[PDB]
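The structure appears right after this line, and notes come after that.
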Amino acid sequence: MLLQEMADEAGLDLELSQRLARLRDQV
Amino acid sequence: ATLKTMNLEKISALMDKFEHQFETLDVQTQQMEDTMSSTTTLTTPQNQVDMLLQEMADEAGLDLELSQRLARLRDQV
Amino acid sequence: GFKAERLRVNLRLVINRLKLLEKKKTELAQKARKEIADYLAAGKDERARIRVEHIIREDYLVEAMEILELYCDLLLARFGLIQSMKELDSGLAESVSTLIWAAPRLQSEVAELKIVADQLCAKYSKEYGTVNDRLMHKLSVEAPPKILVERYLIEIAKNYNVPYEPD
Amino acid sequence: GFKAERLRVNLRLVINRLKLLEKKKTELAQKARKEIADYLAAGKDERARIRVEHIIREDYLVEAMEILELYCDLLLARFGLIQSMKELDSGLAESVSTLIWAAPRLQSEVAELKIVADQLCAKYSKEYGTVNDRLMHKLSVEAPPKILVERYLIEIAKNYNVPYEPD
Amino acid sequence: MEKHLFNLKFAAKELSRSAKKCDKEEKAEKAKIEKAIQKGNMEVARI
């Protein structure tokens with residue numbers, strides 16, 4: 001996020017744990 | 001240099017933020033003036049301003065009670 | 001603890017604060033019936049009905065304040081009996097009971113009713129560990145009837161010469 | 001958590017913000033119907049149809065804002081019942097339900113509806129873990145009908161004295 | 001116990017000065033991020 005912020009400031013333009021936990025709970 | 005440090009997307013975001021902040025500031029000054037009127041309501045009665053406008057418009061030739069009735073009607077129901 | 005001079009001072013402050021609030025809120029009603037007439041002239045009717053509900057609540061509040069001013073002046077007149085006796089008089093029971101009742105209902109606009117009710121509860125803690133019904137109706141958090149609202153709109157339209165059509 | 005004074009302050013802020021947005025968007029509609037007439041005078045017709053779709057959406061948005069302003073003023077009138085009761089009144093259910101519904105639909109232009117809907121959900125979390133149909137139609141993300149667009153063009157052409165031919 | 005009290009107060013001052021110099025070096029490294037992105041060095045910017 002810090003690289004995204006300081007690249008958008010210069011104008012360059014370049015959750016998951018819950019999903020994988022529920023999928024481990026499934027199988 | 002200036003068009004890479006300030007893109008058209010950054011101009012668009014800056015201008016949307018400009019416009020929305022002046023919207024919020026106009027809401028601020030609206031409620032400010034509302035309080036500044038409500039604080040000094042006793043020095044500006046509405047009837048005196050109305051009759052004064054009627055007088056000074058009739059002088060220039062432009063040509064533009066209830067509390068008791070509503071109190072009795074609240075007494076009725 | 002009950003202090004008599006504190007109760008006398010705060011009753012006089014209640015009288016003065018209620019007089020100023022009566023004048024200010026009648027002037028605010030003068031200001032706002034004109035904008036209700038402006039909504040009626042613009043044609044929006046349910047908007048004017050809701051604004052009329054606001055102004056009916058404010059007028060009930062003004063009549064409630066003059067009832068409480070009457071009762072606080074009654075306590076200032078009978079303050080000798082208050083300071084003398086220890087048992088609550090029958091001529092004082094209505095006033096003391098409705099001021100203790102109406103002080104939480106009017107905590108925001110008159111902050112001295114809290115002190116007056118604390119002094120009256122400290123004076124009569126043996127009785128309280130009656131209330132005026134018209135005053136309870138005017139302090140009641142209840143929507144006014146629609147026929148009252150419509151009637152209110154009718155007289156606003158009559159004073160400001162705006163065509164309005166009821167239900 | 002529900003805080004009543006926060007909800008009252010944010011309802012007044014919603015009323016003020018919606019009044020300012022109504023004035024500003026009606027003025028923007030005044031500005032943009034002239035350029036729709038300019039496209040009709042230049043001869044481009046489908047371009048004017050798409051601009052008319054924009055202005056129809058803006059006019060539906062203005063009527064939606066006055067409906068929400070009516071409902072927020074209704075909550076400001078019945079705020080005593082809101083603060084008193086714990087069960088949702090039948091006269092309040094429509095207003096509370098459509099404000100909780102319309103607050104994600106109007107998150108961008110009125111940022112205080114998010115706070116108002118959070119306070120209403122915190123107040124009535126026991127009921128919500130109804131909505132006005134005309135208001136849902138005006139907030140609906142759906143293209144307006146072509147006959148409405150054509151009709152809209154006809155009155156723009158009539159006001160600005162431009163020859164236009166429908167379908 | 002006065003020697004250990006002096007050492008504990010000196011250790012608290014050393015930790016506070018370490019926090020100050022790290023908050024200064026954060027601003028220095030952010031200025032270096034800006035200069036590296038202006039030069040176009042993304043691996044230097046990530047470092």
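By order in the structure tokens, chains are A, B, ...; within a chain, residues start at 1; ligands start at 1, following the order shown.
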Mind fitting chain C onto chain D over all Cα atoms in sequence order and sending the result as a compact mmCIF listing (two decimals) with N, CA and C atoms, in the first residue's frame?
# COMPACT_ATOMS: atom_id res chain seq x y z
N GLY C 1 -23.09 1.70 18.38
CA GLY C 1 -24.14 1.96 19.34
C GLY C 1 -24.99 3.16 18.98
N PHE C 2 -26.26 3.12 19.37
CA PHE C 2 -27.18 4.20 19.06
C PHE C 2 -26.96 5.38 20.00
N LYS C 3 -26.75 6.56 19.42
CA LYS C 3 -26.73 7.82 20.14
C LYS C 3 -27.77 8.73 19.52
N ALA C 4 -28.69 9.24 20.34
CA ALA C 4 -29.85 9.95 19.83
C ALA C 4 -29.48 11.34 19.31
N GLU C 5 -28.64 12.07 20.04
CA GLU C 5 -28.29 13.43 19.63
C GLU C 5 -27.47 13.44 18.35
N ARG C 6 -26.61 12.43 18.17
CA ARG C 6 -25.90 12.26 16.91
C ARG C 6 -26.87 12.05 15.75
N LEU C 7 -27.90 11.24 15.96
CA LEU C 7 -28.89 10.99 14.92
C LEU C 7 -29.70 12.25 14.60
N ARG C 8 -30.02 13.06 15.62
CA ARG C 8 -30.75 14.30 15.38
C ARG C 8 -29.91 15.31 14.59
N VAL C 9 -28.64 15.46 14.98
CA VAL C 9 -27.73 16.37 14.28
C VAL C 9 -27.53 15.93 12.84
N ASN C 10 -27.34 14.63 12.61
CA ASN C 10 -27.11 14.17 11.24
C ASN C 10 -28.38 14.22 10.40
N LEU C 11 -29.57 14.10 11.00
CA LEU C 11 -30.79 14.32 10.23
C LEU C 11 -30.94 15.77 9.79
N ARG C 12 -30.59 16.72 10.67
CA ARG C 12 -30.62 18.12 10.25
C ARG C 12 -29.60 18.41 9.16
N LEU C 13 -28.43 17.76 9.24
CA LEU C 13 -27.42 17.92 8.20
C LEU C 13 -27.87 17.32 6.88
N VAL C 14 -28.61 16.21 6.93
CA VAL C 14 -29.19 15.62 5.72
C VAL C 14 -30.19 16.57 5.08
N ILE C 15 -31.04 17.21 5.90
CA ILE C 15 -32.02 18.17 5.39
C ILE C 15 -31.33 19.33 4.68
N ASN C 16 -30.29 19.89 5.30
CA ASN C 16 -29.58 21.02 4.70
C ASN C 16 -28.84 20.63 3.42
N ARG C 17 -28.16 19.47 3.45
CA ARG C 17 -27.42 19.01 2.28
C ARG C 17 -28.34 18.69 1.12
N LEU C 18 -29.52 18.13 1.40
CA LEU C 18 -30.46 17.82 0.33
C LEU C 18 -31.08 19.08 -0.25
N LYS C 19 -31.34 20.11 0.57
CA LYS C 19 -31.83 21.38 0.04
C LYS C 19 -30.82 22.02 -0.91
N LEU C 20 -29.55 22.03 -0.51
CA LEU C 20 -28.51 22.60 -1.36
C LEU C 20 -28.32 21.79 -2.64
N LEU C 21 -28.42 20.46 -2.56
CA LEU C 21 -28.28 19.65 -3.76
C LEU C 21 -29.47 19.78 -4.70
N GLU C 22 -30.68 19.98 -4.16
CA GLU C 22 -31.84 20.25 -5.01
C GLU C 22 -31.66 21.53 -5.81
N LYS C 23 -31.25 22.61 -5.12
CA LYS C 23 -31.03 23.88 -5.81
C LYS C 23 -29.94 23.77 -6.87
N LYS C 24 -28.83 23.11 -6.52
CA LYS C 24 -27.71 23.00 -7.44
C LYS C 24 -28.03 22.12 -8.64
N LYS C 25 -28.76 21.02 -8.43
CA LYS C 25 -29.04 20.14 -9.55
C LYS C 25 -30.16 20.65 -10.44
N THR C 26 -31.12 21.42 -9.90
CA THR C 26 -32.07 22.08 -10.79
C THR C 26 -31.38 23.15 -11.63
N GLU C 27 -30.39 23.85 -11.06
CA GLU C 27 -29.64 24.81 -11.86
C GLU C 27 -28.79 24.12 -12.92
N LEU C 28 -28.22 22.95 -12.60
CA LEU C 28 -27.47 22.19 -13.60
C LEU C 28 -28.38 21.65 -14.71
N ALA C 29 -29.62 21.31 -14.38
CA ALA C 29 -30.58 20.92 -15.42
C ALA C 29 -30.92 22.10 -16.32
N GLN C 30 -31.06 23.30 -15.74
CA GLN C 30 -31.23 24.52 -16.54
C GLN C 30 -30.05 24.73 -17.48
N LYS C 31 -28.83 24.47 -17.00
CA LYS C 31 -27.64 24.65 -17.82
C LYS C 31 -27.57 23.62 -18.95
N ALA C 32 -28.03 22.40 -18.70
CA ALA C 32 -27.80 21.33 -19.66
C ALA C 32 -28.93 21.13 -20.66
N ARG C 33 -30.15 21.59 -20.36
CA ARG C 33 -31.19 21.53 -21.39
C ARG C 33 -30.90 22.50 -22.53
N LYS C 34 -30.17 23.58 -22.25
CA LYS C 34 -29.74 24.49 -23.31
C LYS C 34 -28.74 23.82 -24.25
N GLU C 35 -27.83 23.00 -23.73
CA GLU C 35 -26.91 22.33 -24.64
C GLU C 35 -27.56 21.15 -25.34
N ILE C 36 -28.59 20.54 -24.75
CA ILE C 36 -29.40 19.57 -25.51
C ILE C 36 -30.08 20.25 -26.68
N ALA C 37 -30.60 21.46 -26.46
CA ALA C 37 -31.16 22.26 -27.55
C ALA C 37 -30.09 22.65 -28.57
N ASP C 38 -28.85 22.84 -28.12
CA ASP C 38 -27.76 23.12 -29.06
C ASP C 38 -27.43 21.91 -29.93
N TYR C 39 -27.47 20.70 -29.35
CA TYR C 39 -27.30 19.50 -30.17
C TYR C 39 -28.45 19.33 -31.16
N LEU C 40 -29.67 19.66 -30.74
CA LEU C 40 -30.80 19.57 -31.66
C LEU C 40 -30.72 20.60 -32.77
N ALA C 41 -30.19 21.79 -32.47
CA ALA C 41 -30.01 22.80 -33.50
C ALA C 41 -28.86 22.44 -34.44
N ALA C 42 -27.83 21.76 -33.92
CA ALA C 42 -26.75 21.30 -34.78
C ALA C 42 -27.16 20.11 -35.63
N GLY C 43 -28.16 19.34 -35.21
CA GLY C 43 -28.72 18.27 -36.01
C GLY C 43 -28.44 16.88 -35.48
N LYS C 44 -27.50 16.74 -34.55
CA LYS C 44 -27.21 15.43 -33.96
C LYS C 44 -28.32 15.04 -33.00
N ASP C 45 -28.98 13.92 -33.29
CA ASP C 45 -30.19 13.53 -32.57
C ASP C 45 -29.95 12.43 -31.55
N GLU C 46 -29.15 11.41 -31.88
CA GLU C 46 -28.89 10.34 -30.91
C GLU C 46 -28.00 10.83 -29.77
N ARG C 47 -27.10 11.76 -30.08
CA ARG C 47 -26.33 12.47 -29.06
C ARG C 47 -27.25 13.19 -28.08
N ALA C 48 -28.27 13.88 -28.61
CA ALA C 48 -29.24 14.55 -27.76
C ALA C 48 -30.09 13.56 -26.98
N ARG C 49 -30.34 12.37 -27.55
CA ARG C 49 -31.06 11.33 -26.81
C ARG C 49 -30.27 10.85 -25.60
N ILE C 50 -28.95 10.70 -25.75
CA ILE C 50 -28.14 10.24 -24.62
C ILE C 50 -28.02 11.34 -23.56
N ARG C 51 -27.89 12.60 -23.99
CA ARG C 51 -27.89 13.70 -23.03
C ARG C 51 -29.24 13.83 -22.32
N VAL C 52 -30.34 13.53 -23.01
CA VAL C 52 -31.65 13.51 -22.38
C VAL C 52 -31.76 12.38 -21.36
N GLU C 53 -31.11 11.24 -21.63
CA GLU C 53 -31.07 10.17 -20.63
C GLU C 53 -30.35 10.61 -19.36
N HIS C 54 -29.24 11.33 -19.52
CA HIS C 54 -28.55 11.95 -18.37
C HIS C 54 -29.47 12.88 -17.59
N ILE C 55 -30.22 13.74 -18.28
CA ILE C 55 -30.99 14.75 -17.56
C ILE C 55 -32.26 14.15 -16.94
N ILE C 56 -32.81 13.10 -17.55
CA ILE C 56 -33.92 12.36 -16.93
C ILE C 56 -33.46 11.69 -15.65
N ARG C 57 -32.24 11.12 -15.65
CA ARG C 57 -31.71 10.53 -14.43
C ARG C 57 -31.48 11.58 -13.35
N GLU C 58 -31.03 12.78 -13.75
CA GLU C 58 -30.84 13.85 -12.77
C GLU C 58 -32.16 14.35 -12.19
N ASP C 59 -33.22 14.39 -13.01
CA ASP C 59 -34.51 14.85 -12.51
C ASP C 59 -35.16 13.83 -11.58
N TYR C 60 -35.03 12.53 -11.91
CA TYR C 60 -35.43 11.48 -10.98
C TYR C 60 -34.64 11.56 -9.68
N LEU C 61 -33.36 11.92 -9.76
CA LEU C 61 -32.55 12.06 -8.56
C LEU C 61 -33.02 13.23 -7.70
N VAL C 62 -33.44 14.34 -8.32
CA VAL C 62 -33.94 15.49 -7.56
C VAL C 62 -35.25 15.15 -6.86
N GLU C 63 -36.16 14.46 -7.56
CA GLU C 63 -37.41 14.05 -6.92
C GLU C 63 -37.18 13.01 -5.82
N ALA C 64 -36.17 12.16 -5.99
CA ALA C 64 -35.79 11.23 -4.94
C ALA C 64 -35.24 11.96 -3.71
N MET C 65 -34.47 13.03 -3.93
CA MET C 65 -33.95 13.80 -2.81
C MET C 65 -35.05 14.53 -2.07
N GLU C 66 -36.09 15.00 -2.76
CA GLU C 66 -37.16 15.65 -2.00
C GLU C 66 -38.03 14.64 -1.25
N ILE C 67 -38.15 13.41 -1.77
CA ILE C 67 -38.82 12.36 -0.99
C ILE C 67 -38.03 12.01 0.27
N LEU C 68 -36.70 11.86 0.14
CA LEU C 68 -35.88 11.59 1.32
C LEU C 68 -35.84 12.75 2.30
N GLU C 69 -35.91 13.98 1.81
CA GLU C 69 -35.98 15.14 2.69
C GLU C 69 -37.29 15.16 3.48
N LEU C 70 -38.39 14.78 2.81
CA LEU C 70 -39.68 14.61 3.50
C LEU C 70 -39.59 13.57 4.60
N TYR C 71 -38.95 12.43 4.32
CA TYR C 71 -38.89 11.37 5.33
C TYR C 71 -37.94 11.70 6.48
N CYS C 72 -36.83 12.39 6.21
CA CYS C 72 -35.96 12.81 7.30
C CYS C 72 -36.60 13.89 8.16
N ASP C 73 -37.40 14.77 7.56
CA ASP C 73 -38.15 15.73 8.36
C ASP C 73 -39.24 15.04 9.17
N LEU C 74 -39.82 13.96 8.64
CA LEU C 74 -40.77 13.17 9.42
C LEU C 74 -40.09 12.53 10.63
N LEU C 75 -38.85 12.06 10.47
CA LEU C 75 -38.13 11.53 11.63
C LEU C 75 -37.78 12.63 12.62
N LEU C 76 -37.45 13.83 12.14
CA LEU C 76 -37.20 14.94 13.05
C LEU C 76 -38.47 15.38 13.78
N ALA C 77 -39.64 15.18 13.18
CA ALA C 77 -40.88 15.48 13.87
C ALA C 77 -41.23 14.41 14.90
N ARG C 78 -41.02 13.14 14.56
CA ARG C 78 -41.35 12.04 15.46
C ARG C 78 -40.16 11.56 16.28
N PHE C 79 -39.13 12.41 16.42
CA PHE C 79 -37.93 12.04 17.16
C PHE C 79 -38.21 11.79 18.64
N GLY C 80 -39.26 12.40 19.19
CA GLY C 80 -39.67 12.06 20.55
C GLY C 80 -40.15 10.63 20.67
N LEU C 81 -40.95 10.17 19.70
CA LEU C 81 -41.38 8.77 19.68
C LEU C 81 -40.21 7.83 19.44
N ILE C 82 -39.26 8.25 18.60
CA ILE C 82 -38.06 7.44 18.34
C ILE C 82 -37.25 7.26 19.61
N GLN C 83 -37.04 8.35 20.34
CA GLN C 83 -36.22 8.29 21.55
C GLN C 83 -36.97 7.62 22.70
N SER C 84 -38.31 7.67 22.68
CA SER C 84 -39.09 7.09 23.76
C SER C 84 -39.26 5.58 23.58
N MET C 85 -39.85 5.15 22.47
CA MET C 85 -40.21 3.75 22.33
C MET C 85 -38.99 2.90 22.00
N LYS C 86 -39.18 1.59 22.11
CA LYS C 86 -38.20 0.61 21.67
C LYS C 86 -38.68 -0.21 20.49
N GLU C 87 -39.98 -0.18 20.20
CA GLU C 87 -40.56 -0.89 19.07
C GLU C 87 -40.87 0.11 17.97
N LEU C 88 -40.65 -0.30 16.72
CA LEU C 88 -40.78 0.62 15.59
C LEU C 88 -42.25 0.91 15.31
N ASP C 89 -42.59 2.20 15.26
CA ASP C 89 -43.95 2.63 14.99
C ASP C 89 -44.32 2.33 13.54
N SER C 90 -45.63 2.18 13.30
CA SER C 90 -46.10 1.95 11.94
C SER C 90 -45.98 3.21 11.09
N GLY C 91 -46.12 4.39 11.70
CA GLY C 91 -45.88 5.63 10.98
C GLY C 91 -44.43 5.93 10.71
N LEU C 92 -43.52 5.20 11.35
CA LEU C 92 -42.09 5.38 11.18
C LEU C 92 -41.43 4.28 10.37
N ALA C 93 -42.12 3.17 10.13
CA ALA C 93 -41.50 2.00 9.52
C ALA C 93 -41.13 2.26 8.07
N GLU C 94 -42.01 2.94 7.34
CA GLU C 94 -41.74 3.29 5.95
C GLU C 94 -40.54 4.21 5.83
N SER C 95 -40.47 5.23 6.68
CA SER C 95 -39.39 6.21 6.63
C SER C 95 -38.05 5.59 7.00
N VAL C 96 -38.01 4.83 8.10
CA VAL C 96 -36.77 4.21 8.54
C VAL C 96 -36.30 3.16 7.54
N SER C 97 -37.23 2.38 6.99
CA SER C 97 -36.87 1.34 6.03
C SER C 97 -36.35 1.93 4.73
N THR C 98 -36.99 2.99 4.21
CA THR C 98 -36.49 3.54 2.97
C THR C 98 -35.25 4.40 3.16
N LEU C 99 -34.98 4.92 4.37
CA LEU C 99 -33.71 5.62 4.55
C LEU C 99 -32.55 4.64 4.68
N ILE C 100 -32.77 3.52 5.37
CA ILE C 100 -31.76 2.46 5.41
C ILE C 100 -31.55 1.87 4.02
N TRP C 101 -32.61 1.80 3.21
CA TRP C 101 -32.47 1.31 1.85
C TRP C 101 -31.71 2.30 0.97
N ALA C 102 -32.05 3.59 1.05
CA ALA C 102 -31.52 4.59 0.14
C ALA C 102 -30.16 5.13 0.56
N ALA C 103 -29.68 4.82 1.76
CA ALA C 103 -28.36 5.31 2.14
C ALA C 103 -27.18 4.67 1.39
N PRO C 104 -27.16 3.37 1.05
CA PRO C 104 -26.11 2.91 0.13
C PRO C 104 -26.30 3.39 -1.30
N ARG C 105 -27.53 3.67 -1.71
CA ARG C 105 -27.78 4.14 -3.07
C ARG C 105 -27.38 5.59 -3.26
N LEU C 106 -27.24 6.35 -2.18
CA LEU C 106 -26.83 7.75 -2.22
C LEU C 106 -25.64 8.00 -1.31
N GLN C 107 -24.66 7.10 -1.33
CA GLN C 107 -23.49 7.25 -0.47
C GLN C 107 -22.58 8.37 -0.95
N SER C 108 -22.57 8.65 -2.25
CA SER C 108 -21.60 9.59 -2.80
C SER C 108 -21.97 11.04 -2.51
N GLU C 109 -23.21 11.43 -2.77
CA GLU C 109 -23.57 12.85 -2.72
C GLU C 109 -23.98 13.32 -1.33
N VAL C 110 -24.50 12.43 -0.48
CA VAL C 110 -24.93 12.78 0.87
C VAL C 110 -24.28 11.78 1.83
N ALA C 111 -23.14 12.17 2.39
CA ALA C 111 -22.35 11.28 3.23
C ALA C 111 -22.89 11.14 4.64
N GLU C 112 -23.95 11.87 5.00
CA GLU C 112 -24.54 11.76 6.32
C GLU C 112 -25.64 10.71 6.39
N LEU C 113 -26.15 10.25 5.24
CA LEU C 113 -27.09 9.14 5.23
C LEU C 113 -26.45 7.85 5.71
N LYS C 114 -25.14 7.69 5.52
CA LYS C 114 -24.45 6.52 6.05
C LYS C 114 -24.50 6.52 7.58
N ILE C 115 -24.31 7.68 8.19
CA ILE C 115 -24.36 7.78 9.65
C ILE C 115 -25.79 7.63 10.15
N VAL C 116 -26.76 8.22 9.43
CA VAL C 116 -28.17 8.11 9.81
C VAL C 116 -28.64 6.66 9.73
N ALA C 117 -28.25 5.94 8.68
CA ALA C 117 -28.63 4.54 8.55
C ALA C 117 -27.92 3.66 9.56
N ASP C 118 -26.67 3.98 9.91
CA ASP C 118 -25.99 3.23 10.97
C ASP C 118 -26.67 3.43 12.31
N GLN C 119 -27.13 4.65 12.60
CA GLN C 119 -27.84 4.89 13.85
C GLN C 119 -29.21 4.21 13.86
N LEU C 120 -29.89 4.18 12.71
CA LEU C 120 -31.19 3.52 12.67
C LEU C 120 -31.06 2.01 12.74
N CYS C 121 -30.01 1.44 12.15
CA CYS C 121 -29.77 0.01 12.29
C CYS C 121 -29.35 -0.35 13.71
N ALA C 122 -28.59 0.53 14.37
CA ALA C 122 -28.22 0.27 15.76
C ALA C 122 -29.43 0.41 16.68
N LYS C 123 -30.38 1.28 16.32
CA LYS C 123 -31.58 1.43 17.13
C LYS C 123 -32.53 0.25 16.93
N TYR C 124 -32.65 -0.24 15.70
CA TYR C 124 -33.57 -1.33 15.39
C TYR C 124 -32.85 -2.57 14.89
N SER C 125 -31.76 -2.95 15.56
CA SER C 125 -31.05 -4.19 15.21
C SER C 125 -31.88 -5.42 15.55
N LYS C 126 -32.83 -5.28 16.48
CA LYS C 126 -33.71 -6.40 16.82
C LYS C 126 -34.66 -6.73 15.67
N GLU C 127 -34.99 -5.73 14.85
CA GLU C 127 -35.87 -5.97 13.72
C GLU C 127 -35.08 -6.25 12.45
N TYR C 128 -34.05 -5.46 12.18
CA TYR C 128 -33.21 -5.63 11.00
C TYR C 128 -31.86 -6.19 11.43
N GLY C 129 -31.53 -7.38 10.95
CA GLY C 129 -30.28 -8.04 11.31
C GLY C 129 -29.03 -7.37 10.76
N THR C 130 -43.00 -1.46 3.09
CA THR C 130 -41.81 -0.94 3.74
C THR C 130 -41.19 0.21 2.95
N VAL C 131 -40.27 -0.13 2.04
CA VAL C 131 -39.60 0.88 1.24
C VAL C 131 -40.57 1.45 0.22
N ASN C 132 -40.52 2.77 0.03
CA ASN C 132 -41.40 3.45 -0.91
C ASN C 132 -41.10 3.01 -2.34
N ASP C 133 -42.15 2.58 -3.05
CA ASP C 133 -41.96 2.00 -4.37
C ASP C 133 -41.63 3.06 -5.41
N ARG C 134 -42.24 4.25 -5.29
CA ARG C 134 -41.90 5.35 -6.18
C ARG C 134 -40.46 5.80 -5.97
N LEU C 135 -40.01 5.78 -4.72
CA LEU C 135 -38.62 6.13 -4.42
C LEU C 135 -37.67 5.07 -4.95
N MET C 136 -38.06 3.80 -4.88
CA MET C 136 -37.23 2.73 -5.43
C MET C 136 -37.16 2.82 -6.95
N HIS C 137 -38.26 3.24 -7.58
CA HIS C 137 -38.26 3.47 -9.02
C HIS C 137 -37.36 4.63 -9.40
N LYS C 138 -37.33 5.68 -8.58
CA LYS C 138 -36.48 6.82 -8.90
C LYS C 138 -35.01 6.54 -8.61
N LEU C 139 -34.70 5.66 -7.66
CA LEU C 139 -33.33 5.23 -7.44
C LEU C 139 -32.92 4.05 -8.31
N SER C 140 -33.84 3.51 -9.11
CA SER C 140 -33.54 2.32 -9.91
C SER C 140 -32.52 2.63 -11.00
N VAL C 141 -31.50 1.78 -11.10
CA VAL C 141 -30.47 1.93 -12.14
C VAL C 141 -31.01 1.21 -13.38
N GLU C 142 -31.85 1.93 -14.12
CA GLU C 142 -32.54 1.38 -15.27
C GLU C 142 -32.70 2.50 -16.28
N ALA C 143 -32.53 2.17 -17.56
CA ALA C 143 -32.64 3.17 -18.60
C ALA C 143 -34.09 3.62 -18.76
N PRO C 144 -34.33 4.92 -18.96
CA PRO C 144 -35.69 5.40 -19.16
C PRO C 144 -36.23 4.96 -20.51
N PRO C 145 -37.55 4.88 -20.68
CA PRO C 145 -38.10 4.43 -21.96
C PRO C 145 -37.89 5.44 -23.08
N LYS C 146 -37.84 4.90 -24.30
CA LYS C 146 -37.50 5.69 -25.47
C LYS C 146 -38.60 6.70 -25.79
N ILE C 147 -39.84 6.38 -25.44
CA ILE C 147 -40.94 7.32 -25.69
C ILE C 147 -40.85 8.49 -24.72
N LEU C 148 -40.40 8.23 -23.49
CA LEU C 148 -40.12 9.29 -22.52
C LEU C 148 -38.99 10.20 -23.01
N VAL C 149 -37.94 9.59 -23.58
CA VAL C 149 -36.83 10.36 -24.13
C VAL C 149 -37.28 11.24 -25.30
N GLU C 150 -38.06 10.64 -26.20
CA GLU C 150 -38.57 11.35 -27.37
C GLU C 150 -39.50 12.48 -26.94
N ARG C 151 -40.33 12.20 -25.94
CA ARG C 151 -41.25 13.20 -25.41
C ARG C 151 -40.47 14.35 -24.79
N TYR C 152 -39.40 14.01 -24.08
CA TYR C 152 -38.54 14.99 -23.43
C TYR C 152 -37.91 15.90 -24.47
N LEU C 153 -37.47 15.30 -25.58
CA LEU C 153 -36.87 16.06 -26.67
C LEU C 153 -37.89 17.02 -27.28
N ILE C 154 -39.12 16.55 -27.42
CA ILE C 154 -40.20 17.36 -27.98
C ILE C 154 -40.40 18.64 -27.18
N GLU C 155 -40.45 18.54 -25.85
CA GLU C 155 -40.65 19.78 -25.07
C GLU C 155 -39.41 20.66 -25.03
N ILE C 156 -38.21 20.07 -25.12
CA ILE C 156 -37.00 20.88 -25.25
C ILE C 156 -37.01 21.67 -26.56
N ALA C 157 -37.42 21.00 -27.65
CA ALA C 157 -37.54 21.66 -28.94
C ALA C 157 -38.62 22.73 -28.93
N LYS C 158 -39.72 22.49 -28.20
CA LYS C 158 -40.78 23.50 -28.09
C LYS C 158 -40.32 24.73 -27.32
N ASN C 159 -39.55 24.54 -26.25
CA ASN C 159 -39.11 25.70 -25.48
C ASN C 159 -38.03 26.49 -26.22
N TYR C 160 -37.14 25.80 -26.93
CA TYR C 160 -36.03 26.51 -27.54
C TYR C 160 -36.21 26.78 -29.03
N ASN C 161 -37.40 26.50 -29.58
CA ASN C 161 -37.79 26.83 -30.96
C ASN C 161 -36.85 26.18 -31.98
N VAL C 162 -36.63 24.89 -31.80
CA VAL C 162 -35.75 24.10 -32.66
C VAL C 162 -36.61 23.05 -33.35
N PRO C 163 -36.51 22.88 -34.67
CA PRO C 163 -37.27 21.81 -35.32
C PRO C 163 -36.71 20.42 -35.02
N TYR C 164 -37.54 19.57 -34.43
CA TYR C 164 -37.17 18.20 -34.11
C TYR C 164 -38.24 17.24 -34.60
N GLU C 165 -37.80 16.09 -35.13
CA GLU C 165 -38.70 15.08 -35.67
C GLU C 165 -38.56 13.79 -34.88
N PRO C 166 -39.62 13.31 -34.23
CA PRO C 166 -39.53 12.05 -33.48
C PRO C 166 -39.47 10.81 -34.35
N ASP C 167 -39.59 9.64 -33.72
CA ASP C 167 -39.58 8.36 -34.43
C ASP C 167 -40.76 8.18 -35.39
Inset, instruction - Can you pull out every residue within 12 Å of residue E:40, counting only C-alpha atoms, but drop anything in the same chain fewer than 4 positions away, and send it as a list in words? - result: residues 7, 10, 11, 12 and 14 of chain A; 32, 33, 34, 35, 36, 44, 45 and 46 of chain E
Just the selected residues (N, CA and C atoms), exported as a compact mmCIF listing (two decimals), in the first residue's frame, please.
# COMPACT_ATOMS: atom_id res chain seq x y z
N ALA A 7 3.51 5.77 -5.60
CA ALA A 7 3.52 5.75 -7.05
C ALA A 7 2.35 6.51 -7.65
N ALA A 10 3.33 10.18 -7.66
CA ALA A 10 4.18 10.56 -8.78
C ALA A 10 3.52 10.29 -10.13
N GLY A 11 2.36 9.65 -10.14
CA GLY A 11 1.62 9.48 -11.37
C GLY A 11 2.13 8.38 -12.27
N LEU A 12 2.60 7.28 -11.70
CA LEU A 12 3.17 6.19 -12.49
C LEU A 12 2.15 5.10 -12.80
N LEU A 14 1.73 1.92 -11.28
CA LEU A 14 2.43 0.63 -11.31
C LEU A 14 3.28 0.43 -12.56
N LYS E 32 13.60 9.25 -0.09
CA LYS E 32 14.32 8.40 -1.03
C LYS E 32 13.37 7.60 -1.93
N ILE E 33 12.19 7.22 -1.42
CA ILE E 33 11.17 6.58 -2.26
C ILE E 33 10.72 7.52 -3.37
N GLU E 34 10.47 8.79 -3.01
CA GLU E 34 10.05 9.77 -4.01
C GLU E 34 11.12 9.99 -5.07
N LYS E 35 12.38 10.10 -4.65
CA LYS E 35 13.46 10.29 -5.63
C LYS E 35 13.67 9.05 -6.50
N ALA E 36 13.49 7.85 -5.93
CA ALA E 36 13.66 6.64 -6.72
C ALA E 36 12.52 6.44 -7.72
N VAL E 44 14.66 -0.18 -6.26
CA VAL E 44 15.17 0.76 -5.27
C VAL E 44 14.02 1.36 -4.47
N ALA E 45 12.90 1.62 -5.14
CA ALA E 45 11.71 2.13 -4.46
C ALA E 45 11.14 1.10 -3.49
N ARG E 46 11.18 -0.18 -3.84
CA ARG E 46 10.67 -1.21 -2.94
C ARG E 46 11.61 -1.42 -1.75
Inset, instruction - With a distance threshold of 12 Å and counting only C-alpha atoms, extract the residues of chain E near chain B and express them as number ranges by chain. - result: E: 34, 37-39
Based on the selection just made, write C-alpha atoms of those residues as a compact mmCIF listing (two decimals), in the first residue's frame.
# COMPACT_ATOMS: atom_id res chain seq x y z
CA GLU E 34 10.05 9.77 -4.01
CA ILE E 37 10.21 6.74 -8.33
CA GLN E 38 11.14 10.01 -10.09
CA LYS E 39 14.26 8.26 -11.41
